[PDB]
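Below you'll find only one chain, the form deposited in one PDB entry, shown as C-alpha cells.
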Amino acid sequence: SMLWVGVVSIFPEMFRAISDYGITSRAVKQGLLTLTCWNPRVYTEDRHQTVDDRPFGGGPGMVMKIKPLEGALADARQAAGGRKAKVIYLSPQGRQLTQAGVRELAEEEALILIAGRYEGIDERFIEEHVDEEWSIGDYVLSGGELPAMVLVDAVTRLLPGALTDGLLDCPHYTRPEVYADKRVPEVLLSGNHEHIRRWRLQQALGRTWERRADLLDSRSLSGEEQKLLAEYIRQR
C-alpha cells in the first residue's frame, strides 16, 4: 500500500464519503491506499470519561482532552507499523493547502490526520504531537472532517495508478459538435497536435489572465506564452 492514512475524528462514519465513493474508494480496493479511523471517544479512561471537556477560563463550547487524543494517536502510530508517519492537524490557523503542498504530502508513506471540532483541541497536544497544521481556505467550517477528506482526495489523485503548471485549465468539449446553436472550436474538430496544444495553452493562459491574474505575478511567462497571451487579450 503506497500510502497509509489514519484519521483521528469523533465521527469516523463521515469518512464513508471517501472510502465508499470516487477515486479514493477505488484506491482502497486497488490496494493502493489504506484508510483507517481512530475515534478518540474509545481512548478515554472510563465511560463518564468524555472525549472533550469544559474550557479553562470559562467560555462557551468544549475543548478536546489531551489523553483521548494521545491514546488514538499512539494506537494509529502502532498500526502504521514501521512507516514514517507525519501528523497533520486540520486547522483554520494552518498553512493554506495548494497543489505544491499536496505534492509534498503525497511523498509521505504514512499520514495521521487530526480533525477537531468547533472549539478545538488543547494547545499542549498540538505543541507536543502535531508536525504540520493545514487549512483548506479562508472560510469558516464547523469542523475538520470535510477538510480531512479534501486532503485525502487531493493526495490520492497523485498516487501512481490511481488516475498544476500554475495555470487554470482550457475549456473542455464533448459530443455533439453543435448544441443549442453553439459549436465546438474548429481547431479541436479539425487540427493537428501543434494547433490544439497552442490553442489549449492560449485558452489556459487567457482564462488565468482573466480570472486569476495573481497566479501570473508569481509565474514567469515564456516567449510563446507572452505572445499567445497578448494575442488572446487583443482577440477578445
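Just so we're on the same page, rigid core means the largest C-alpha set that superposes within 1.5 Å between forms. Sequential numbering from 1, following the sequence displayed.
Beyond what is shown, the protein has a form deposited in another entry; the following relates to that form.
When the two forms are laid on each other by their rigid core, does residue 210 show a Cα shift of 2 Å or more between the shown form and the other one?
After core superposition, the displacement of the residue 210 C-alpha between the shown form and the other one stays below 2 Å, so no.
After a rigid core superposition, would you say the CA of residue 26 moves by 2 angstroms or more between the shown form and the other one, or not?
No; residue 26 is a residue whose C-alpha shifts by less than 2 Å between the shown form and the other one when the cores are overlaid.
With a threshold of 2 Å on the C-alpha, tell me if residue 188 counts as moved between the shown form and the other one once the core is superposed.
The answer is yes; the displacement is at least 2 Å.
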